[PDB]
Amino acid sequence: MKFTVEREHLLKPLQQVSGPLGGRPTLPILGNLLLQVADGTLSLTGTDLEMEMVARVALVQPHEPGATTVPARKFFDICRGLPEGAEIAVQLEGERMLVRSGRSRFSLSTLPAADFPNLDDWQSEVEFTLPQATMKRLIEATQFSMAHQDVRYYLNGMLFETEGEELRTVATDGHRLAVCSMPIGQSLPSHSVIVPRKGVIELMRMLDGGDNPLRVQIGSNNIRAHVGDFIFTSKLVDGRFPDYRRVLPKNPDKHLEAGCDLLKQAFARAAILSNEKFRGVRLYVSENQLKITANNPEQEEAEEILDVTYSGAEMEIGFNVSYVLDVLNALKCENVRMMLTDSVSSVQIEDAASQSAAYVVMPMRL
């Protein structure tokens, strides 16, 4: 195995396949990249066994076929550390991969290619393309509401649901839920899968302003996203995602609208004197006004009063302020609408001027 590639054609690809690798590998090989020269192409792959990222680089310069694995961060740091424009010559030499450029030489430990784990292959059931920014919007809109380490493993990830011509993501961790949906402009089969939260994060690593569209393939037990010369694959979580519909507030009869930014900043200042652990704030709604208060174990307190549009009956409800801020930071729009019922029931929050995303937050007891 030999190739010679100029530094800059390697750097992004190496960055990208190093995505799934994070931190302290469990087996050695998982801290390595698989490199394979085949034809006029170098393939680089990084994996954590749950998911993999593969990058392909055209080889215009003389090459010999073969494959091996090498430590991903060291190989990256070497190529990044070489001068801009360096030609990096690589050849496998027994155990050990030689990397040479100018008067610099490196020898890296290898592990045998035949030994790298393959997310072995499978059959797309749904294929479709959309703008990278659209996928990014869907994911950004909901990712914060994914559970992290709930025993209910199917909550630690994000549901991707194609209905009609829309793709919709849903996440929840039992305290709040986020749903976002967007038209993909393509008739799509009704299908839904759960992408593990680390696969969702990686898929986000992957997405970039991008000229290139995203092609998504959904298998029985895998999802694949192709953007330019990168191919991300993740296993899916095999479980039943809760039906989001049943957790929407049934009959929100109270409707509040507010400016999103003034609301967020009022919460953000009240949050300063909220309980550091429980983050409780109290919201009192009354005619065209919202009052937010927070007080902490140290006997400090904050109060913010905001004009809002509201004509419903007076009510008080408590919330974890960081959940409310999360929603407001996700909506980032001009005005928000909150639909309430009573102090012990969830609220639904949306952009007052868009139906793309919706959020449901359960309150705290007063």
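Heads up: residue numbers just count along the shown sequence, starting at 1.
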The stretch carrying the higher mean Cα B factor in the deposited entry, 246 to 254 or 134 to 142, is 246 to 254
Assert higher mean C-alpha B factor (19 to 27 or 338 to 346, deposited values) equals 19 to 27
Based on the PDB entry, the highest CA temperature factor among the options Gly280, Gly157, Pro213, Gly102 is that of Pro213
The residue of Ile223, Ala271, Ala113, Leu98 with the maximal C-alpha B-factor according to the PDB record is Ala113
Of the three thirds of Cα B-factor ranks in this chain, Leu44 occupies the middle
So, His191's CA B-factor, relative to its chain, sits in which third? The highest
Chain thirds by Cα B factor, record data; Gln61 belongs to the highest
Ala67: CA temperature factor from the record, placed by chain third, in the highest
On the chain's distribution of Cα B-factors, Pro83 falls within the third called middle
